[PDB]
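Position 242 of the sequence shown, counting from 1, maps to 242 under the entry's author numbering, and the rest follow consecutively. A virtual CB, placed ideally from N, CA and C, is assigned to each residue, including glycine.
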Amino acid sequence: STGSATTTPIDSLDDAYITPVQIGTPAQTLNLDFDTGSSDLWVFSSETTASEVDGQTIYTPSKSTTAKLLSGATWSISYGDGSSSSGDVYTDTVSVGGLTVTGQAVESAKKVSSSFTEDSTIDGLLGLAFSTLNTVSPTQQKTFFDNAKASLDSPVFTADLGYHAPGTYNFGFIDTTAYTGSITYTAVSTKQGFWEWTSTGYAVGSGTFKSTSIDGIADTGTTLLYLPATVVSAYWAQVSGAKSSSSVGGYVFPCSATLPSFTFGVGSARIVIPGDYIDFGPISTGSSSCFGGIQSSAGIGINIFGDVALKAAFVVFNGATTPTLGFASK
């Protein structure tokens, strides 16, 4: 089997991407944020505290003939940005892009934090990191990918995110028309539950490539590129008037600037992030200070190749017995 679904930016900044997902029988279509940095499939639901729902589409298990309470199971998750959600668990049929999993754990939110309530466009998350990070207790549950894996033509999914444009998530096959050149594969450590890999270095603009190992995660659920403070300072030093603002919470630059590209290494290959991908626009409406798309990871504890990086590539998440990541230009 295979599946193929279009993923669409939620706003003009590509803050996140949503992908339609069918849950239950008859199908309830929810727009989920596919997150390679977490392992819970959770949704706004008929159980979500009414004051915490503001325009999201909800899953109603009582309207699904295939829903079953996963008796006694609860879940609670906290994300890198300080957002959170929790609730109980159903099993139901879940389809993405024509690929169907029966008996998927669908984590029904009873509570969500303010950042979820305030984002009417995101109906929940679909985690694609390793199932060892799934928060369901007392019986940990599998991700959609882990449940689908054995049925897939190839044990892979691919992320092809668009810059200010829709993209695609494929399951079970590698679309050889979706990229240019060859795919460069790199080793993955699953020790922390993430798609954790080591970049071979970076360049700023037309500058020389710096060979240096940067360990980080491929995280579709994170908007920006978070790298070590050395790397980030070297990038923003090439932008006149850029500075790190403690009041704003990161590097800002004059909206009048033209940003340089940023290159990261994948083995002996290079992925170039165009400068416009690094522009996240005015810090507040009408401001002439703009927010940078490359930020320091120093206050996180991990480097994160988020959407700013991943949207510059065709990315292969190879879930074979020895997982690997692949990157191609496109």
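Under a three-way DSSP split, which group does residue i fall into?
i       : result
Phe-44  : coil
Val-136 : coil
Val-232 : helix
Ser-287 : coil
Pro-254 : strand
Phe-173 : coil
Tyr-226 : strand
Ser-244 : strand
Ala-50  : helix
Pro-61  : helix
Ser-120 : coil
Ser-261 : coil
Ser-151 : helix
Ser-131 : helix
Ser-39  : coil
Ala-269 : strand
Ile-304 : strand
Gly-72  : strand
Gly-167 : strand
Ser-108 : strand
Given residue i, which residues of its chain have a CB within under 6 Å of its CB, disregarding the five upstream and five downstream residues?
i           : result
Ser-131     : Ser-39, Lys-142, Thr-143 and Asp-146
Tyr-185     : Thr-324 and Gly-326
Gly-275     : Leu-259, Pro-260 and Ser-261
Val-112     : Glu-52 and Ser-85
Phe-280     : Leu-13, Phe-291 and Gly-293
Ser-95      : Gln-22
residue 331 : This structure cannot speak to residue 331, because the chain is shown only from 1 to 330.
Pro-166     : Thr-6 and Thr-8
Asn-170     : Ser-4 and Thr-158
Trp-236     : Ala-242 and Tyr-251
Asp-92      : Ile-23, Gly-24, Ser-64, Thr-66, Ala-67 and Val-106
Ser-296     : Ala-229 and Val-232
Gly-103     : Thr-91
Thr-48      : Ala-109
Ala-257     : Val-239
Check whether the Cβ atoms of residue i and residue j lie closer than 8 Å to each other.
i       : j       : result
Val-21  : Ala-73  : no
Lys-311 : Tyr-179 : no
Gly-299 : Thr-223 : no
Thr-321 : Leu-152 : no
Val-308 : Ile-278 : yes
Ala-328 : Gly-181 : yes
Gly-292 : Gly-241 : no
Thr-57  : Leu-30  : yes
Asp-35  : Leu-161 : no
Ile-23  : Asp-33  : no
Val-231 : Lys-243 : no
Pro-228 : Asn-303 : yes
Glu-196 : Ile-183 : no
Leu-126 : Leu-41  : yes
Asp-175 : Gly-37  : no
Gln-238 : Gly-205 : yes
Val-188 : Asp-123 : no
Need the endpoints of the beta strand (DSSP E) that residue i sits in, please.
i       : result
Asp-307 : That residue, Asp-307, is in no beta strand (DSSP E); its alpha helix (DSSP H) goes 307 to 310.
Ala-159 : 156 to 160
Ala-187 : 180 to 187
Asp-276 : It is not in any beta strand (DSSP E) - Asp-276 carries neither H nor E in the DSSP assignment.
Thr-198 : 196 to 204
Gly-124 : 124 to 127
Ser-4   : 3 to 9
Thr-19  : 17 to 23
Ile-294 : 294 to 296
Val-315 : 314 to 318
Could you spell out where the alpha helix (DSSP H) holding residue i opens and where it closes?
i       : result
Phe-34  : That residue, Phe-34, is in no alpha helix (DSSP H); its beta strand (DSSP E) goes 28 to 35.
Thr-117 : 114 to 117
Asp-215 : From DSSP, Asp-215 is part of no alpha helix (DSSP H) but of the beta strand (DSSP E) over 210 to 218.
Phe-327 : Where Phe-327 is concerned, there is no enclosing alpha helix (DSSP H), although the beta strand (DSSP E) it sits in stretches over 324 to 329.
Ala-148 : 144 to 148
Closer than 7 Å by C-beta to residue i: which residues in its own chain qualify, once you throw out the five before and the five after it? Chain order, please.
i       : result
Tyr-90  : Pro-61, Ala-67, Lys-68, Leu-69, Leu-70, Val-106 and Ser-108
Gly-319 : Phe-145, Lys-149, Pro-155 and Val-156
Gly-267 : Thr-184, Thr-186 and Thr-200
I'd like the list of long-range same chain contacts for residue i, defined as Cβ closer than 8 Å, with 5 residues on each side in sequence excluded.
i       : result
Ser-115 : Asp-81, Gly-82 and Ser-83
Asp-11  : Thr-121
Are the C-beta atoms of residue i and some chain C residue less than 8 Å apart?
i       : result
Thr-102 : Absent from the structure: chain C. Only one protein chain is present.
Beta strand (DSSP E) runs wholly inside the stretch 75 to 105, at least 3 long, in chain order: Fully enclosed beta strand (DSSP E) runs of 3 or longer: 84 to 96.
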